[PDB]
Amino acid sequence: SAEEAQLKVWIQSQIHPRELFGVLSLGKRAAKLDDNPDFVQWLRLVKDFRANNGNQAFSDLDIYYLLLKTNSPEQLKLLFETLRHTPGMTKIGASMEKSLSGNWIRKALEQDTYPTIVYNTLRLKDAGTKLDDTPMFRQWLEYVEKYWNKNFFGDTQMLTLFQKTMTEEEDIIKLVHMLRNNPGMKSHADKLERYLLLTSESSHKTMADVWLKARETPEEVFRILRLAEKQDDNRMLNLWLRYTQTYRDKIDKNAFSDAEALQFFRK
């Protein structure tokens, strides 16, 4: 058999699966079992390479983060389901699904493990701009929320991890504004939004575009910036007024005018 002999060649050669993944150009297309015999063969090599060298030689996460570069978390979830229910592939599919299930928070919670450590046990830096779509990231948000309700790990240190995961500020801003949707994080996200706005001029234009795309009301933004608290020489006030006029221009035509906004602020 042509496929059976090719597999032998790779095994005898001791070629590393990352190297083979590259030369077979499996990054150029969807990781599916249909119309992709090169991928199926690649899995067969991975299987054998693990048996002969141990799982750490090419881990679940090595596999996950390689495929994540050119497939979505949702595709990979369905992929591992299919492997778990394909004869010959059941062991590895189940290994992957176990590695991505979340069955570590209870045993790791009580243990009192620093989120930073867990963040890099999970190798979330390797997720890149896909971070906020990965299930493991969502799981880590659970372990942080629970770690806080116990007893120290702070909002700035969380932001540091995000910045060592992806380089572009626009990606960092969209990420933090997506955390608003997670209630219980909404508190800390809003704080990070302010921290960026007070430490980076480039953030202002980007942040205003993110709110505008999300159709956020002037009232909501006023709430994020916490302008009701104690403070015409105020950078945050100017920013809010500029967002408000953009909102009035692009979305409502009937929101706060300049005068009305200033009145709202006086309260």
# chains A, B, ... in the order shown; residues from 1 in each chain; ligands from 1
call {"tool": "select_by_dssp", "arguments": {"residues": "region 10-106 of chain A", "states": "alpha helix (DSSP H)", "output": "CSV table (one decimal) with N, CA, C and O atoms, in the first residue's frame"}}
result
chain,number,residue,atom,x,y,z
A,10,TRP,N,8.8,7.9,6.8
A,10,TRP,CA,8.8,9.0,7.8
A,10,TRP,C,9.2,8.5,9.2
A,10,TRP,O,10.0,9.2,9.9
A,11,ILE,N,8.8,7.3,9.6
A,11,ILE,CA,9.1,6.8,10.9
A,11,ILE,C,10.5,6.4,11.0
A,11,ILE,O,11.2,6.9,12.0
A,12,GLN,N,11.0,5.7,10.1
A,12,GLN,CA,12.5,5.3,10.0
A,12,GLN,C,13.4,6.5,9.9
A,12,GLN,O,14.4,6.6,10.5
A,13,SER,N,12.9,7.6,9.2
A,13,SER,CA,13.6,8.8,9.1
A,13,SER,C,13.7,9.7,10.3
A,13,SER,O,14.6,10.5,10.4
A,17,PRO,N,7.3,15.9,13.6
A,17,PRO,CA,6.0,16.3,13.0
A,17,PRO,C,5.8,17.7,12.6
A,17,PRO,O,5.1,18.0,11.7
A,18,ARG,N,6.3,18.7,13.4
A,18,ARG,CA,6.3,20.1,13.0
A,18,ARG,C,7.0,20.3,11.7
A,18,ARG,O,6.5,21.1,10.9
A,19,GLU,N,8.1,19.7,11.5
A,19,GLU,CA,8.9,19.8,10.2
A,19,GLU,C,8.1,19.2,9.0
A,19,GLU,O,8.0,19.8,8.0
A,20,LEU,N,7.5,18.0,9.3
A,20,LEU,CA,6.6,17.4,8.2
A,20,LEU,C,5.4,18.2,7.9
A,20,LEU,O,4.9,18.3,6.8
A,21,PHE,N,4.7,18.8,9.0
A,21,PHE,CA,3.6,19.6,8.8
A,21,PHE,C,3.8,20.8,7.8
A,21,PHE,O,3.0,21.1,6.9
A,22,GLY,N,5.0,21.4,8.0
A,22,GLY,CA,5.5,22.4,7.1
A,22,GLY,C,5.7,22.0,5.6
A,22,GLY,O,5.1,22.6,4.7
A,23,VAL,N,6.4,20.9,5.4
A,23,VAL,CA,6.7,20.4,4.0
A,23,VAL,C,5.5,19.8,3.3
A,23,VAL,O,5.4,19.9,2.1
A,37,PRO,N,-5.8,13.4,2.6
A,37,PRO,CA,-5.1,12.2,3.0
A,37,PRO,C,-3.7,12.5,3.6
A,37,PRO,O,-3.1,11.6,4.3
A,38,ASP,N,-3.1,13.6,3.2
A,38,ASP,CA,-1.8,14.1,3.8
A,38,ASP,C,-2.0,14.4,5.2
A,38,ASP,O,-1.0,14.1,6.0
A,39,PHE,N,-3.1,15.0,5.6
A,39,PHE,CA,-3.4,15.3,7.0
A,39,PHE,C,-3.6,14.0,7.8
A,39,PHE,O,-3.0,13.8,8.9
A,40,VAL,N,-4.4,13.1,7.3
A,40,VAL,CA,-4.7,11.8,8.0
A,40,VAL,C,-3.4,11.1,8.2
A,40,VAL,O,-3.1,10.6,9.3
A,41,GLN,N,-2.5,11.0,7.2
A,41,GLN,CA,-1.2,10.4,7.3
A,41,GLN,C,-0.3,11.1,8.3
A,41,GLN,O,0.4,10.5,9.1
A,42,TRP,N,-0.4,12.4,8.3
A,42,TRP,CA,0.3,13.2,9.4
A,42,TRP,C,-0.1,12.8,10.8
A,42,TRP,O,0.8,12.7,11.7
A,43,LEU,N,-1.4,12.6,11.0
A,43,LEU,CA,-1.9,12.1,12.3
A,43,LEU,C,-1.3,10.8,12.6
A,43,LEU,O,-0.9,10.5,13.8
A,44,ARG,N,-1.3,9.9,11.7
A,44,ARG,CA,-0.7,8.5,11.8
A,44,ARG,C,0.7,8.6,12.3
A,44,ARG,O,1.1,7.9,13.2
A,45,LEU,N,1.5,9.5,11.7
A,45,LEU,CA,2.9,9.8,12.1
A,45,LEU,C,2.9,10.3,13.5
A,45,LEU,O,3.8,9.9,14.3
A,46,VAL,N,2.1,11.3,13.8
A,46,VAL,CA,2.0,11.9,15.2
A,46,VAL,C,1.8,10.8,16.2
A,46,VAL,O,2.5,10.6,17.1
A,47,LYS,N,0.7,10.0,16.0
A,47,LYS,CA,0.4,8.8,16.8
A,47,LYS,C,1.6,7.9,17.1
A,47,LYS,O,1.9,7.7,18.3
A,48,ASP,N,2.3,7.5,16.1
A,48,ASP,CA,3.5,6.6,16.2
A,48,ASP,C,4.7,7.4,16.9
A,48,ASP,O,5.4,6.8,17.7
A,49,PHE,N,4.9,8.6,16.6
A,49,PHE,CA,5.9,9.5,17.2
A,49,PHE,C,5.8,9.6,18.7
A,49,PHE,O,6.7,9.7,19.4
A,50,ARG,N,4.5,9.7,19.1
A,50,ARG,CA,4.2,9.7,20.6
A,50,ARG,C,4.5,8.4,21.3
A,50,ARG,O,5.2,8.4,22.3
A,51,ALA,N,4.0,7.3,20.8
A,51,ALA,CA,4.2,6.0,21.3
A,51,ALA,C,5.7,5.8,21.5
A,51,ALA,O,6.2,5.4,22.6
A,52,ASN,N,6.5,6.0,20.5
A,52,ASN,CA,8.0,5.8,20.5
A,52,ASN,C,8.8,6.8,21.3
A,52,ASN,O,9.9,6.5,21.8
A,53,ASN,N,8.3,8.0,21.5
A,53,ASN,CA,9.0,9.1,22.2
A,53,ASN,C,8.4,9.7,23.4
A,53,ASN,O,9.0,10.5,24.1
A,60,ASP,N,-0.2,17.6,23.2
A,60,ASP,CA,-1.6,18.1,22.9
A,60,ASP,C,-1.6,19.6,22.5
A,60,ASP,O,-2.1,20.0,21.5
A,61,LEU,N,-0.9,20.4,23.3
A,61,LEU,CA,-0.8,21.8,23.1
A,61,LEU,C,0.0,22.2,21.9
A,61,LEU,O,-0.4,23.0,21.1
A,62,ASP,N,1.2,21.5,21.7
A,62,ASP,CA,2.0,21.6,20.5
A,62,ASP,C,1.0,21.4,19.3
A,62,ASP,O,1.1,22.2,18.3
A,63,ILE,N,0.2,20.3,19.3
A,63,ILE,CA,-0.7,20.0,18.2
A,63,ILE,C,-1.8,21.1,18.1
A,63,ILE,O,-2.1,21.6,17.0
A,64,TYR,N,-2.3,21.5,19.3
A,64,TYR,CA,-3.4,22.5,19.3
A,64,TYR,C,-3.0,23.9,18.7
A,64,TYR,O,-3.6,24.4,17.8
A,65,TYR,N,-1.8,24.4,19.2
A,65,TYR,CA,-1.4,25.7,18.8
A,65,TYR,C,-0.8,25.8,17.4
A,65,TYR,O,-0.9,26.8,16.8
A,66,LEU,N,-0.3,24.7,16.9
A,66,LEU,CA,0.1,24.6,15.5
A,66,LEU,C,-1.1,24.7,14.5
A,66,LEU,O,-1.0,25.4,13.5
A,67,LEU,N,-2.1,24.0,14.8
A,67,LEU,CA,-3.3,24.0,14.0
A,67,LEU,C,-4.1,25.2,14.2
A,67,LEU,O,-4.8,25.6,13.3
A,68,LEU,N,-4.1,25.8,15.4
A,68,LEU,CA,-4.8,27.1,15.7
A,68,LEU,C,-4.3,28.2,14.8
A,68,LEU,O,-5.1,29.1,14.5
A,73,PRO,N,-10.9,27.8,16.6
A,73,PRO,CA,-11.2,27.0,17.8
A,73,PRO,C,-12.5,26.1,17.5
A,73,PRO,O,-12.5,25.0,18.0
A,74,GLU,N,-13.4,26.6,16.8
A,74,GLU,CA,-14.7,25.9,16.5
A,74,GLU,C,-14.5,24.7,15.6
A,74,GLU,O,-15.0,23.7,15.8
A,75,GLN,N,-13.7,25.0,14.5
A,75,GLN,CA,-13.3,23.9,13.6
A,75,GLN,C,-12.5,22.8,14.3
A,75,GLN,O,-12.8,21.6,14.1
A,76,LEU,N,-11.6,23.2,15.2
A,76,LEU,CA,-10.7,22.2,15.9
A,76,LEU,C,-11.5,21.4,17.0
A,76,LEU,O,-11.2,20.2,17.2
A,77,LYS,N,-12.5,22.0,17.6
A,77,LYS,CA,-13.5,21.3,18.5
A,77,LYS,C,-14.2,20.2,17.7
A,77,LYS,O,-14.2,19.0,18.2
A,78,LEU,N,-14.7,20.5,16.5
A,78,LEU,CA,-15.3,19.5,15.6
A,78,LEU,C,-14.3,18.5,15.1
A,78,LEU,O,-14.7,17.3,15.0
A,79,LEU,N,-13.1,18.9,14.8
A,79,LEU,CA,-12.1,18.0,14.4
A,79,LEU,C,-11.8,16.9,15.4
A,79,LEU,O,-11.8,15.7,15.1
A,80,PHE,N,-11.6,17.3,16.7
A,80,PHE,CA,-11.3,16.4,17.7
A,80,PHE,C,-12.4,15.5,18.1
A,80,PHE,O,-12.2,14.3,18.5
A,81,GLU,N,-13.6,16.0,18.0
A,81,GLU,CA,-14.8,15.1,18.1
A,81,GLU,C,-14.8,14.0,17.0
A,81,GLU,O,-14.9,12.8,17.3
A,82,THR,N,-14.5,14.4,15.8
A,82,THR,CA,-14.5,13.4,14.6
A,82,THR,C,-13.3,12.4,14.8
A,82,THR,O,-13.5,11.2,14.5
A,83,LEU,N,-12.2,12.8,15.4
A,83,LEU,CA,-11.1,11.9,15.6
A,83,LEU,C,-11.4,10.9,16.7
A,83,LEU,O,-11.2,9.7,16.6
A,84,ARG,N,-12.1,11.4,17.8
A,84,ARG,CA,-12.5,10.5,18.9
A,84,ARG,C,-13.5,9.4,18.4
A,84,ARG,O,-13.6,8.4,19.0
A,90,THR,N,-9.1,7.1,17.9
A,90,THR,CA,-9.9,7.4,19.1
A,90,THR,C,-9.1,7.9,20.3
A,90,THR,O,-9.6,8.8,21.0
A,91,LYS,N,-8.0,7.3,20.5
A,91,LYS,CA,-7.1,7.6,21.6
A,91,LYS,C,-6.6,9.0,21.6
A,91,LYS,O,-6.7,9.7,22.7
A,92,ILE,N,-6.2,9.5,20.5
A,92,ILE,CA,-5.7,10.9,20.4
A,92,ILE,C,-6.8,12.0,20.5
A,92,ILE,O,-6.6,12.9,21.2
A,93,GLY,N,-7.9,11.8,19.8
A,93,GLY,CA,-9.1,12.6,19.9
A,93,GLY,C,-9.5,12.8,21.3
A,93,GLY,O,-9.6,13.9,21.8
A,94,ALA,N,-9.6,11.7,22.1
A,94,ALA,CA,-9.9,11.7,23.5
A,94,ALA,C,-8.8,12.4,24.3
A,94,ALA,O,-9.2,13.1,25.3
A,95,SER,N,-7.6,12.3,24.0
A,95,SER,CA,-6.5,13.0,24.7
A,95,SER,C,-6.6,14.5,24.5
A,95,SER,O,-6.5,15.2,25.5
A,96,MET,N,-6.9,14.9,23.3
A,96,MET,CA,-7.1,16.3,22.9
A,96,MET,C,-8.3,16.9,23.7
A,96,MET,O,-8.1,17.9,24.4
A,97,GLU,N,-9.4,16.3,23.6
A,97,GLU,CA,-10.6,16.7,24.2
A,97,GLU,C,-10.5,16.8,25.8
A,97,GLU,O,-11.0,17.8,26.4
A,98,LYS,N,-9.7,15.9,26.4
A,98,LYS,CA,-9.4,15.9,27.8
A,98,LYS,C,-8.5,17.2,28.1
A,98,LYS,O,-8.8,17.9,29.0
A,99,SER,N,-7.5,17.4,27.3
A,99,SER,CA,-6.6,18.5,27.4
A,99,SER,C,-7.3,19.9,27.2
A,99,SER,O,-6.7,20.9,27.7
A,105,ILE,N,-9.5,23.0,37.0
A,105,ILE,CA,-9.7,24.2,37.8
A,105,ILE,C,-9.9,23.8,39.3
A,105,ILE,O,-9.3,24.5,40.1
A,106,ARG,N,-10.7,22.8,39.5
A,106,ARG,CA,-11.0,22.3,40.9
A,106,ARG,C,-9.7,21.9,41.6
A,106,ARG,O,-9.3,22.5,42.6
call {"tool": "residues_around", "arguments": {"residues": "residue 205 (chain A)", "least_positions_apart": "6", "cutoff": "12 Å", "atoms": "only C-alpha atoms", "output": "ChimeraX atom specification"}}
result
/A:169-170,173,196-197,211-212,239-240,242-243,246
call {"tool": "closest_residue", "arguments": {"among": "A:147, A:140, A:265, A:152", "to": "residue 121 (chain A)", "atoms": "only C-alpha atoms"}}
result
A:140
call {"tool": "closest_atom_pairs", "arguments": {"of": "region 168-194 of chain A", "to": "region 214-219 of chain A", "cutoff": "12 Å", "atoms": "only C-alpha atoms", "output": "JSON lines"}}
result
{"residue": "A:174", "atom": "CA", "partner": "A:214", "partner_atom": "CA", "distance": 10.0}
{"residue": "A:177", "atom": "CA", "partner": "A:214", "partner_atom": "CA", "distance": 9.2}
{"residue": "A:178", "atom": "CA", "partner": "A:214", "partner_atom": "CA", "distance": 9.8}
{"residue": "A:180", "atom": "CA", "partner": "A:214", "partner_atom": "CA", "distance": 11.4}
{"residue": "A:181", "atom": "CA", "partner": "A:214", "partner_atom": "CA", "distance": 11.5}
call {"tool": "write_last_selection", "arguments": {"atoms": "N, CA and C atoms", "output": "compact mmCIF listing (two decimals), in the first residue's frame"}}
result
# COMPACT_ATOMS: atom_id res chain seq x y z
N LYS A 174 -9.61 45.67 21.49
CA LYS A 174 -10.78 44.83 21.18
C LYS A 174 -10.97 43.71 22.20
N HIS A 177 -12.29 45.17 25.55
CA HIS A 177 -13.69 45.52 25.36
C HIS A 177 -14.61 44.30 25.18
N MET A 178 -14.07 43.17 24.70
CA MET A 178 -14.83 41.91 24.67
C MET A 178 -15.03 41.33 26.07
N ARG A 180 -15.82 42.86 28.68
CA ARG A 180 -17.04 43.48 29.22
C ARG A 180 -18.24 42.52 29.19
N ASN A 181 -18.35 41.73 28.12
CA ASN A 181 -19.43 40.75 27.97
C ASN A 181 -19.45 39.68 29.07
call {"tool": "residues_around", "arguments": {"residues": "residue 161 (chain A)", "least_positions_apart": "4", "cutoff": "12 Å", "atoms": "only C-alpha atoms", "output": "list in words"}}
result
residues 115, 116, 117, 118, 119, 120, 123, 124, 125, 126, 127, 128, 131, 137, 153, 154, 155, 156, 157, 165, 166, 167 and 172 of chain A
call {"tool": "write_last_selection", "arguments": {"atoms": "N, CA, C and O atoms", "output": "mmCIF file, in the first residue's frame"}}
result
data_model
loop_
_atom_site.group_PDB
_atom_site.id
_atom_site.type_symbol
_atom_site.label_atom_id
_atom_site.label_comp_id
_atom_site.auth_asym_id
_atom_site.auth_seq_id
_atom_site.Cartn_x
_atom_site.Cartn_y
_atom_site.Cartn_z
ATOM 1 N N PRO A 115 -2.359 32.895 38.708
ATOM 2 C CA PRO A 115 -2.870 32.819 37.332
ATOM 3 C C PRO A 115 -1.772 32.831 36.276
ATOM 4 O O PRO A 115 -1.820 32.028 35.347
ATOM 5 N N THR A 116 -0.781 33.703 36.445
ATOM 6 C CA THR A 116 0.377 33.749 35.553
ATOM 7 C C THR A 116 0.902 32.347 35.224
ATOM 8 O O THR A 116 1.121 32.029 34.056
ATOM 9 N N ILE A 117 1.071 31.513 36.251
ATOM 10 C CA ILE A 117 1.561 30.134 36.072
ATOM 11 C C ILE A 117 0.596 29.350 35.178
ATOM 12 O O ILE A 117 1.021 28.747 34.187
ATOM 13 N N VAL A 118 -0.694 29.403 35.516
ATOM 14 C CA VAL A 118 -1.741 28.697 34.760
ATOM 15 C C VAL A 118 -1.806 29.217 33.321
ATOM 16 O O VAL A 118 -1.894 28.427 32.379
ATOM 17 N N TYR A 119 -1.735 30.536 33.161
ATOM 18 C CA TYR A 119 -1.699 31.171 31.838
ATOM 19 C C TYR A 119 -0.619 30.576 30.926
ATOM 20 O O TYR A 119 -0.818 30.501 29.714
ATOM 21 N N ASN A 120 0.506 30.159 31.507
ATOM 22 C CA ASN A 120 1.617 29.567 30.754
ATOM 23 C C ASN A 120 1.710 28.043 30.812
ATOM 24 O O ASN A 120 2.370 27.438 29.968
ATOM 25 N N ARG A 123 -0.334 27.743 27.925
ATOM 26 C CA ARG A 123 0.385 28.269 26.762
ATOM 27 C C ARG A 123 -0.457 29.259 25.957
ATOM 28 O O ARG A 123 -0.445 29.255 24.727
ATOM 29 N N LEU A 124 -1.169 30.127 26.670
ATOM 30 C CA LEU A 124 -2.083 31.075 26.035
ATOM 31 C C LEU A 124 -1.376 32.191 25.268
ATOM 32 O O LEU A 124 -1.989 32.800 24.394
ATOM 33 N N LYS A 125 -0.100 32.445 25.569
ATOM 34 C CA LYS A 125 0.727 33.345 24.743
ATOM 35 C C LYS A 125 0.803 32.906 23.276
ATOM 36 O O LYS A 125 0.808 33.746 22.375
ATOM 37 N N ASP A 126 0.825 31.593 23.046
ATOM 38 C CA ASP A 126 0.860 31.029 21.688
ATOM 39 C C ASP A 126 -0.461 31.165 20.908
ATOM 40 O O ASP A 126 -0.493 30.881 19.711
ATOM 41 N N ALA A 127 -1.540 31.576 21.574
ATOM 42 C CA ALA A 127 -2.840 31.770 20.923
ATOM 43 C C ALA A 127 -2.875 32.976 19.989
ATOM 44 O O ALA A 127 -3.684 33.005 19.059
ATOM 45 N N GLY A 128 -2.023 33.973 20.245
ATOM 46 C CA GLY A 128 -1.985 35.186 19.430
ATOM 47 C C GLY A 128 -3.319 35.915 19.419
ATOM 48 O O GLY A 128 -4.053 35.888 20.406
ATOM 49 N N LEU A 131 -6.719 34.476 20.825
ATOM 50 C CA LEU A 131 -6.920 34.265 22.276
ATOM 51 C C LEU A 131 -8.379 34.279 22.755
ATOM 52 O O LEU A 131 -8.850 33.282 23.294
ATOM 53 N N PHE A 137 -8.784 29.938 27.096
ATOM 54 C CA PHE A 137 -8.796 31.309 27.603
ATOM 55 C C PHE A 137 -10.034 31.546 28.463
ATOM 56 O O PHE A 137 -9.916 32.052 29.576
ATOM 57 N N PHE A 153 -2.961 38.773 42.639
ATOM 58 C CA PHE A 153 -2.766 38.914 41.198
ATOM 59 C C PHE A 153 -3.667 40.054 40.720
ATOM 60 O O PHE A 153 -4.884 40.013 40.937
ATOM 61 N N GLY A 154 -3.066 41.053 40.067
ATOM 62 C CA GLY A 154 -3.741 42.318 39.745
ATOM 63 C C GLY A 154 -4.018 42.570 38.273
ATOM 64 O O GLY A 154 -3.448 41.918 37.393
ATOM 65 N N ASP A 155 -4.881 43.556 38.024
ATOM 66 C CA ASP A 155 -5.338 43.909 36.670
ATOM 67 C C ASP A 155 -4.210 44.246 35.696
ATOM 68 O O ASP A 155 -4.274 43.862 34.531
ATOM 69 N N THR A 156 -3.192 44.963 36.167
ATOM 70 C CA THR A 156 -2.042 45.314 35.327
ATOM 71 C C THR A 156 -1.243 44.081 34.896
ATOM 72 O O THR A 156 -0.784 44.007 33.754
ATOM 73 N N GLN A 157 -1.088 43.122 35.805
ATOM 74 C CA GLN A 157 -0.389 41.867 35.501
ATOM 75 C C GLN A 157 -1.146 41.009 34.484
ATOM 76 O O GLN A 157 -0.525 40.297 33.697
ATOM 77 N N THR A 165 1.101 38.190 24.594
ATOM 78 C CA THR A 165 0.397 37.247 23.727
ATOM 79 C C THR A 165 0.188 37.801 22.316
ATOM 80 O O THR A 165 0.306 37.064 21.335
ATOM 81 N N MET A 166 -0.140 39.088 22.221
ATOM 82 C CA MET A 166 -0.339 39.757 20.937
ATOM 83 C C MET A 166 0.250 41.169 20.983
ATOM 84 O O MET A 166 0.211 41.835 22.022
ATOM 85 N N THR A 167 0.794 41.610 19.850
ATOM 86 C CA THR A 167 1.645 42.806 19.787
ATOM 87 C C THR A 167 0.883 44.098 19.486
ATOM 88 O O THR A 167 1.234 45.153 20.009
ATOM 89 N N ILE A 172 -5.322 44.334 21.401
ATOM 90 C CA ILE A 172 -5.414 44.438 22.863
ATOM 91 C C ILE A 172 -6.669 45.207 23.304
ATOM 92 O O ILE A 172 -7.294 44.841 24.297
#
call {"tool": "decode", "arguments": {"residues": "region 241-259 of chain A", "atoms": "N, CA, C and O atoms", "output": "PDB file, in the first residue's frame"}}
result
ATOM      1  N   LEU A 241     -16.532  63.747  25.065  1.00  0.00           N
ATOM      2  CA  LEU A 241     -17.258  64.703  24.232  1.00  0.00           C
ATOM      3  C   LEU A 241     -17.027  64.455  22.742  1.00  0.00           C
ATOM      4  O   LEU A 241     -17.963  64.584  21.948  1.00  0.00           O
ATOM      5  N   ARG A 242     -15.794  64.096  22.374  1.00  0.00           N
ATOM      6  CA  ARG A 242     -15.463  63.760  20.983  1.00  0.00           C
ATOM      7  C   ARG A 242     -16.133  62.470  20.523  1.00  0.00           C
ATOM      8  O   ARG A 242     -16.628  62.404  19.395  1.00  0.00           O
ATOM      9  N   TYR A 243     -16.151  61.450  21.381  1.00  0.00           N
ATOM     10  CA  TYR A 243     -16.914  60.240  21.077  1.00  0.00           C
ATOM     11  C   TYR A 243     -18.390  60.572  20.899  1.00  0.00           C
ATOM     12  O   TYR A 243     -19.012  60.124  19.938  1.00  0.00           O
ATOM     13  N   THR A 244     -18.936  61.351  21.831  1.00  0.00           N
ATOM     14  CA  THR A 244     -20.349  61.726  21.810  1.00  0.00           C
ATOM     15  C   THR A 244     -20.755  62.423  20.509  1.00  0.00           C
ATOM     16  O   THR A 244     -21.832  62.142  19.980  1.00  0.00           O
ATOM     17  N   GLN A 245     -19.905  63.308  19.987  1.00  0.00           N
ATOM     18  CA  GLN A 245     -20.217  63.991  18.720  1.00  0.00           C
ATOM     19  C   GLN A 245     -20.132  63.034  17.523  1.00  0.00           C
ATOM     20  O   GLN A 245     -20.914  63.160  16.578  1.00  0.00           O
ATOM     21  N   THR A 246     -19.193  62.086  17.573  1.00  0.00           N
ATOM     22  CA  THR A 246     -19.114  61.009  16.578  1.00  0.00           C
ATOM     23  C   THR A 246     -20.392  60.171  16.594  1.00  0.00           C
ATOM     24  O   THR A 246     -20.965  59.892  15.541  1.00  0.00           O
ATOM     25  N   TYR A 247     -20.835  59.796  17.793  1.00  0.00           N
ATOM     26  CA  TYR A 247     -22.080  59.042  17.980  1.00  0.00           C
ATOM     27  C   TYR A 247     -23.264  59.800  17.381  1.00  0.00           C
ATOM     28  O   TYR A 247     -24.027  59.247  16.588  1.00  0.00           O
ATOM     29  N   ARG A 248     -23.384  61.071  17.757  1.00  0.00           N
ATOM     30  CA  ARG A 248     -24.387  61.978  17.199  1.00  0.00           C
ATOM     31  C   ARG A 248     -24.289  62.068  15.671  1.00  0.00           C
ATOM     32  O   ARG A 248     -25.307  62.101  14.995  1.00  0.00           O
ATOM     33  N   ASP A 249     -23.071  62.104  15.135  1.00  0.00           N
ATOM     34  CA  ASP A 249     -22.862  62.174  13.683  1.00  0.00           C
ATOM     35  C   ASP A 249     -23.232  60.878  12.947  1.00  0.00           C
ATOM     36  O   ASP A 249     -23.905  60.930  11.917  1.00  0.00           O
ATOM     37  N   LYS A 250     -22.805  59.732  13.477  1.00  0.00           N
ATOM     38  CA  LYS A 250     -22.883  58.446  12.757  1.00  0.00           C
ATOM     39  C   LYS A 250     -24.049  57.514  13.121  1.00  0.00           C
ATOM     40  O   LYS A 250     -24.393  56.643  12.320  1.00  0.00           O
ATOM     41  N   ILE A 251     -24.639  57.671  14.308  1.00  0.00           N
ATOM     42  CA  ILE A 251     -25.574  56.662  14.834  1.00  0.00           C
ATOM     43  C   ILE A 251     -26.968  57.187  15.200  1.00  0.00           C
ATOM     44  O   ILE A 251     -27.957  56.602  14.762  1.00  0.00           O
ATOM     45  N   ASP A 252     -27.053  58.253  15.996  1.00  0.00           N
ATOM     46  CA  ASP A 252     -28.346  58.711  16.534  1.00  0.00           C
ATOM     47  C   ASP A 252     -28.872  60.039  15.975  1.00  0.00           C
ATOM     48  O   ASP A 252     -30.088  60.196  15.851  1.00  0.00           O
ATOM     49  N   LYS A 253     -27.989  60.999  15.673  1.00  0.00           N
ATOM     50  CA  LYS A 253     -28.405  62.342  15.205  1.00  0.00           C
ATOM     51  C   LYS A 253     -29.296  63.082  16.216  1.00  0.00           C
ATOM     52  O   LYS A 253     -29.694  64.221  15.981  1.00  0.00           O
ATOM     53  N   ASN A 254     -29.563  62.436  17.349  1.00  0.00           N
ATOM     54  CA  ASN A 254     -30.554  62.869  18.319  1.00  0.00           C
ATOM     55  C   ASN A 254     -30.089  62.592  19.763  1.00  0.00           C
ATOM     56  O   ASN A 254     -30.903  62.591  20.690  1.00  0.00           O
ATOM     57  N   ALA A 255     -28.779  62.391  19.946  1.00  0.00           N
ATOM     58  CA  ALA A 255     -28.183  62.078  21.241  1.00  0.00           C
ATOM     59  C   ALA A 255     -27.800  63.401  21.891  1.00  0.00           C
ATOM     60  O   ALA A 255     -28.315  64.452  21.495  1.00  0.00           O
ATOM     61  N   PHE A 256     -26.914  63.368  22.887  1.00  0.00           N
ATOM     62  CA  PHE A 256     -26.435  64.606  23.491  1.00  0.00           C
ATOM     63  C   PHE A 256     -25.741  65.476  22.443  1.00  0.00           C
ATOM     64  O   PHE A 256     -24.887  64.999  21.695  1.00  0.00           O
ATOM     65  N   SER A 257     -26.160  66.736  22.366  1.00  0.00           N
ATOM     66  CA  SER A 257     -25.378  67.778  21.717  1.00  0.00           C
ATOM     67  C   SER A 257     -24.236  68.176  22.651  1.00  0.00           C
ATOM     68  O   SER A 257     -24.163  67.714  23.796  1.00  0.00           O
ATOM     69  N   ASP A 258     -23.352  69.038  22.158  1.00  0.00           N
ATOM     70  CA  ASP A 258     -22.231  69.541  22.955  1.00  0.00           C
ATOM     71  C   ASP A 258     -22.728  70.134  24.274  1.00  0.00           C
ATOM     72  O   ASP A 258     -22.255  69.752  25.347  1.00  0.00           O
ATOM     73  N   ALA A 259     -23.706  71.035  24.181  1.00  0.00           N
ATOM     74  CA  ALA A 259     -24.287  71.691  25.355  1.00  0.00           C
ATOM     75  C   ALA A 259     -24.921  70.687  26.310  1.00  0.00           C
ATOM     76  O   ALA A 259     -24.642  70.708  27.512  1.00  0.00           O
TER      77      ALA A 259
END
